[PDB]
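In: here is the input, now give the coordinates:
(chains A, B, C and D)
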Amino acid sequence: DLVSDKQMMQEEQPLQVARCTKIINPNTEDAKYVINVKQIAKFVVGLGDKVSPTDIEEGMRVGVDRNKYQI
Amino acid sequence: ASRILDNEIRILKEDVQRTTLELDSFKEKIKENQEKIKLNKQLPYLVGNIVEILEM
Amino acid sequence: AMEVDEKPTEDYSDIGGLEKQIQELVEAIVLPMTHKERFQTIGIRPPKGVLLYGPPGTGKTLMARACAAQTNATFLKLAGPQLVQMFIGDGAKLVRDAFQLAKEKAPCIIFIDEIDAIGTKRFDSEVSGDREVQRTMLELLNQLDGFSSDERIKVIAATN
Amino acid sequence: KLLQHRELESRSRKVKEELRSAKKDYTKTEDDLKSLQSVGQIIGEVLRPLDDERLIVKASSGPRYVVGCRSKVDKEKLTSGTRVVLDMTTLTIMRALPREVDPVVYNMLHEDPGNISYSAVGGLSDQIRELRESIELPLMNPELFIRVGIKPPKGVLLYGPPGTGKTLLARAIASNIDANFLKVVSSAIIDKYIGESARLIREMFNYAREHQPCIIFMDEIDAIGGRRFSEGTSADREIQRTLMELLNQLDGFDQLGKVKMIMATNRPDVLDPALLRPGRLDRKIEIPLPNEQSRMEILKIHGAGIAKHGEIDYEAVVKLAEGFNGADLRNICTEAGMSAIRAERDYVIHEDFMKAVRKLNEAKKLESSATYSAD
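Out: Residues are numbered from 1 along each chain as shown, chains lettered A, B, ... in the order given. Sharing the structure here:
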């Protein structure tokens, strides 16, 4: 019942799929994180505004912005 | 001291031209930077191999 | 993951009853690793490859942990069976990347423990025989010395 | 006086230089402004043209459409199977490029800087001459063999007990062209991809056909060769397929002329029955363990940079060196220094080699002692 007009428009409109992938390692001198997909493609990407830079684990499973292609 | 005036005028003209050249360079750098950084806003990219570099 | 970064703390005296082995091995790795000019003057290729065998608990992990804390370099920790994969030749790539990462820091030692995993004697059979495992063994052999080898690091191997 | 003009010109020169440097610095960046405004083109391999302008080519991606080319690209120059760029957005022919380069090909092409000289090689002087007649004699005057009445050697594989050092033979043979040589470990050519295992071999023979005078040596040939596959593994199918593809490309409806391949393997008994046939394996030259004279020659080769005293009796060591392997002599020479490194004795005494030989003779007690079998 919750998702009828608002919750569905909140459980659906608010969030994104943010498909999960695997990280390789970041590059020094900057954020310079590397995006890699097991079955899609590798790519130079970056994390999102809602993550810390101490936790940039190299080889970490995480999802990136479905559009921005940013974790 | 007769030819000193012509040399001073030439030096002043050269300094004025140098000031204008410096201003033109400063103005032109902004346009190049606005595009270089605008392109640098594209961290999302592709990672691949290198095949060859011909002479074309 | 083969990058030793925890600095395993072990003392030479903490090794029980193997001072002769310590003298024999350290001078075979440490000396070329801490005094290059000594070998450069006399003239010889630095010894390459240390293989330790013996009883199940005769002590090889102790020697490896002592060597790790002894030298002022980066030691490479590789597990014997660890370097394999279901993919065709994926172990070859895992061993080549191992050798490359080891070349990353010229001062470094790579230890392939339980070398019997890849050191299995080749067999003659049609059906099976661990062709992939033999391929990994051959890749390790090629990366070790021969065609386009390197004299920058020393590898300590432990086989039971 | 004109002395005042020189002082004033020092400011005009600086004004001009300050403008020229700024203009050059700005142009350097502005060049990238127009450089990064283009787009790349997809690359495909043509199948055939259907119309005077209609051609069918499969791009490097997959399903191939039919498109045209520029009205001045010399359509006839578009070979049936040519590699050219397409109008990536439009998917039309724009410009053609030579065949592929298989970056793995380069990786295995200019990665051998070995400069071994035949003097260094030893123990196989008769074998050195045979191998020369095996590979370089053919490129020297194949008309000689033709007048003989037989074709030149196709491919020779090197037989030698483990630790024989045959690889050194090939490293030295690389001293005949240094650019017309091919050496692949025959074990990095394997991959878990769909079919690239055969792709490596295909690229090998292609790059070889590209440059006529050149040889391809593939050490560790005993790995990809094998005996056969009894339906045991899921790679043996693909591995056996790769082996057969090399077999086919060897003498399959086409002769790779002006180029012969020499391979080496420690276990000639695990060789597939086909690879030993006259079409694939031309002749088998076996490198045995060094003889007494061969052992002395090897010791002398390795005995170059030894600071010793004039009492080094290599004859005693040579008589002591029984059944030693080829690399073994180098190991003894190295251990000589290690013994000399002990006690910090700068010179090398004849006793150092006498103790190194004894240590080596006792270290190898755990061996197998199974040389080879050429069947």
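In: what residues does the stretch 1-150 of chain D put near chain A?
Out: Taking C-beta under 8 Å from any C-beta of the partner chain, no part of the stretch 1-150 of chain D reaches chain A. (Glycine included, C-beta is placed from N, CA and C.)
In: mind listing the helices for the stretch 1-150 of chain D?
Out: Using DSSP state H, counting those that start in this stretch, the helices of the stretch 1-150 of chain D run over D:3-35, D:103-107, D:125-140, D:142-148.
In: chain C: which of those is closest?
Out: helix D:103-107 (11.0 Å; C-beta to the nearest C-beta).
In: just the buried residues of the closest one, please?
Out: By 16 or more other C-beta atoms under 10 Å in any protein chain shown, the buried positions in helix D:103-107 come out as D:104, D:105.
In: cool, stretch C:111-131 as well?
Out: Buried residues in stretch C:111-131 (16+ other C-beta under 10 Å): C:111, C:112, C:113, C:114, C:115, C:117, C:118, C:119, C:122, C:129, C:130, C:131.
In: do that stretch and chain D meet?
Out: Yes: if you take C-beta under 8 Å from any C-beta as the test, stretch C:111-131 does meet chain D, through C:121, C:122, C:124, C:125, C:126, C:127, C:128, C:129, C:131.
In: any idea which of those residues is closest to residue C:57?
Out: Nearest to residue C:57 among the residues of stretch C:111-131 next to chain D is residue C:121, at 24.2 Å by C-beta to C-beta.
In: how about that closest one, nearest residue that isn't a chain neighbour?
Out: residue D:368 (7.7 Å; C-beta to C-beta, 6 or more residues apart in numbering or on different chains).
In: and for the residue in chain D that chain A sits nearest to, the neighbour number?
Out: When distances are taken as C-beta to the nearest C-beta, chain D reaches nearest to chain A at residue D:61, 13.4 Å away. Neighbours of residue D:61 under the rule other C-beta atoms under 10 Å in any protein chain shown: 9.
In: can you tell me the closest non-neighbouring residue to the spatially most central residue of chain B?
Out: Central residue of chain B (C-alpha atoms, centre = their mean): residue B:25, 5.0 Å from the mean position. With C-beta to C-beta, 6+ apart as the criterion, residue B:25 has its nearest non-adjacent residue at 3.3 Å, and that residue is residue D:22.
In: quick one on the thing from earlier: so which of the residues of stretch C:111-131 next to chain D are in helices?
Out: When those are checked against helices (DSSP state H), the matches are residue C:131.
In: and the residues of stretch C:111-131 next to chain D, which is closest to residue D:115?
Out: Closest to residue D:115 out of the residues of stretch C:111-131 next to chain D is residue C:122 (32.4 Å), distances taken as C-beta to C-beta.
In: who does the top strand by length along chain D touch, helix- and strand-wise?
Out: Counting by DSSP state E, the longest strand found in chain D is strand D:43-49. Judged by 3 or more C-beta pairs under 8 Å, 6 or more residues apart in numbering or on different chains; DSSP states H and E, strand D:43-49 is in contact with strand D:55-59, strand D:83-86.
In: tell me how many other residues crowd the closest residue in space to residue D:213 that isn't next to it in sequence.
Out: Spatially, and ignoring its direct neighbours in sequence, residue D:213 is nearest to residue D:180 (5.0 Å; C-beta to C-beta, 6+ apart). Neighbour count of residue D:180, defined by other C-beta under 10 Å: 16.
In: contact partners for residue D:180?
Out: D:211, D:213, D:214, D:215 (C-beta atoms under 8 Å, 6 or more residues apart in numbering or on different chains).
In: also residue D:191?
Out: Neighbours of residue D:191 in contact, by C-beta under 8 Å, 6+ apart: C:88, C:89, D:197, D:200.
In: with respect to residue C:20, which of these is nearest?
Out: Relative to residue C:20, the closest of the contacts of residue D:191 is residue C:89; by C-beta to C-beta it sits at 41.0 Å.
In: against residue D:278, how distant is that closest one?
Out: In this structure, residue C:89 and residue D:278 are 31 Å apart, going by C-beta to C-beta, to the nearest Å.
In: tell me which of those two has more neighbours.
Out: More crowded of residue C:89 and residue D:278, by other C-beta under 10 Å: residue C:89, with 25 against 9.
In: show me the contacts for that one.
Out: With contact taken as C-beta under 8 Å, 6+ apart, residue C:89 is in contact with C:132, C:135, D:190, D:191, D:192, D:235.
In: Serialize the residues you listed to TSV and add fields for secondary structure.
Out: Listed next are those as TSV, based on DSSP: H, G, I helix; E, B strand; the rest coil:
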residue	secondary structure
C:132	helix
C:135	helix
D:190	coil
D:191	coil
D:192	coil
D:235	helix
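In: closest one of those to residue D:271?
Out: Taking C-beta to C-beta as the measure, residue D:271 lies nearest residue C:135 of the contacts of residue C:89, at 16.5 Å.
In: now the closest one: how far from chain B?
Out: 23 Å (C-beta to the nearest C-beta, to the nearest Å).
In: again, but for residue A:31
Out: According to C-beta to the nearest C-beta, residue A:31 and chain B sit 8 Å apart.
In: what's the neighbour count on that residue?
Out: Other residues lying near residue A:31 total 13 when counted by other C-beta under 10 Å.
In: just confirm residue C:123 contacts residue D:226, I think it does.
Out: No: Residue C:123 is not in contact with residue D:226 according to C-beta atoms under 8 Å; the separation is 11.2 Å.
In: rewinding a little: residue contacts, the residue of chain D closest to chain A?
Out: Going by C-beta under 8 Å, 6+ apart, residue D:61 touches D:42, D:44.
In: let's see that with 10 Å instead.
Out: Listed by C-beta atoms under 10 Å, 6 or more residues apart in numbering or on different chains, the contact partners of residue D:61 are D:42, D:43, D:44.
In: returning to that earlier point: quick one: buried residues of the longest strand of chain D?
Out: Of the residues in strand D:43-49, D:43, D:44, D:45, D:46, D:49 count as buried by neighbour count, 16+ other C-beta under 10 Å.
In: what sits up against that strand?
Out: With C-beta under 10 Å, 6+ apart, strand D:43-49 has contacts from B:51, D:54-62, D:64-69, D:75, D:78-86, D:88, D:91, D:93, D:96-97, D:99-100.
In: and the strands in the chain?
Out: Since you didn't name a chain, this refers to chain A. Using DSSP E, the strands of chain A run over residues A:20-23, A:34-36, A:42-44, A:61-63.
In: oops, wrong one, chain C.
Out: Using DSSP E, strands in chain C cover C:50-52, C:74-79, C:108-113, C:154-158.
In: show me what the last one packs onto, helices and strands only.
Out: It stands for strand C:154-158. In terms of contact count using 3 or more C-beta pairs under 10 Å, 6 or more residues apart in numbering or on different chains; DSSP states H and E, strand C:154-158 is assigned the packing partners helix C:19-34, strand C:50-52, helix C:61-70, strand C:74-79, strand C:108-113, helix C:131-144.
In: quick one: the helices in the stretch 201-350 of chain D, in order.
Out: D:221-225, D:234-251, D:292-302, D:314-320, D:326-341, D:350-363.
In: make that chain A, sorry
Out: A:8-11.
In: quick one: name the residues of it near chain B.
Out: A:24, A:30-36, A:41-46, A:64-65, A:67-70 (C-beta under 10 Å from any C-beta of the partner chain).
In: count of neighbours near residue 10?
Out: Since you didn't name a chain, this refers to chain A. 12.
In: looking at chain C here, not the other one
Out: Counted with other C-beta under 10 Å, residue C:10 comes out at 18.
In: thought it was touching residue C:67?
Out: Yes: taking C-beta atoms under 10 Å as the definition, residue C:10 is a contact partner of residue C:67 at 8.5 Å.
In: that's all I had, so thanks and see you.
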